[PDB]
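# Descriptive analysis of the structure
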Amino acid sequence: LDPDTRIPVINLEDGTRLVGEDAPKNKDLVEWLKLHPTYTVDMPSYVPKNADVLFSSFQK
């Protein structure tokens, strides 16, 4: 994914949901996550591509 790819997430406690363009950037994603340990990813599936759909062994 692009570091600019928006990641649709939601904070369950505050009830804030950020999807689409309001969703945080993939680069800031990790930082936002540390600020929100009470968050949950709203959509855990981005785009099934290439060979990522074979197995689930995420070595790389």
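Residues numbered from 1 in each chain as written, not as in the entry; some residues may be left out. Heavy atoms only, no water.

The deposited coordinates for this entry were obtained by solution NMR.

Within the PDB entry, the label attached to the protein chain reads CHROMODOMAIN-HELICASE-DNA-BINDING PROTEIN 7, and the organism entered is Homo sapiens. The title assigned to this entry in its PDB record is "Solution structures of the BRK domains of the human Chromo Helicase Domain 7 and 8, reveals structural similarity with GYF domain suggesting a role in protein interaction".

## Considerations on the sheet that holds strand β3 (residues 39–41)
The antiparallel open sheet is built from 3 strands, whose spatial order is β2-β1-β3. Each having just a single partner strand, β2 (16–18) and β3 make up the two edges of the open sheet. Neighbouring strand axes in the sheet, compared pairwise and without regard to direction, differ in orientation by 15° on average. As defined by bridge partners, strand β1 (residues 9–11) adjoins β2 across 3 bridges and the pair is classed as antiparallel. The partner of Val9 across the bridge, within β2, is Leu18. (Pairing = 2+ DSSP bridges. Helix = DSSP H or I, 4+ residues; strand = E, 2+ residues; numbered from the N terminus. Axes fitted to C-alpha atoms, helices over the stretch in contact; angles between N-to-C directions.)

## Looking at the packing of aromatic side chains
Here the structure, examined in full by the defined rule, presents 1 aromatic pair. With centroids separated by 5.9 Å and ring planes inclined at 85°, the aromatic side chains of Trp32 and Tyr39 adopt a geometry described as edge-to-face. (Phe/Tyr/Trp six-rings, centres within 6.5 Å; stacked < 30°, edge-to-face > 60°.)

## Overview of the environment of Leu18
Secondary-structure assignment places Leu18 in strand β2. Here the alpha-carbon distance between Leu18 and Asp4, two residues 14 residues apart in the chain, equals 15 Å. Not counting the four nearest positions on each side in its chain, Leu18 is found in contact with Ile7, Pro8, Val9, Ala23, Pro24 and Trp32. (Contact = heavy atoms within 4.5 Å.)

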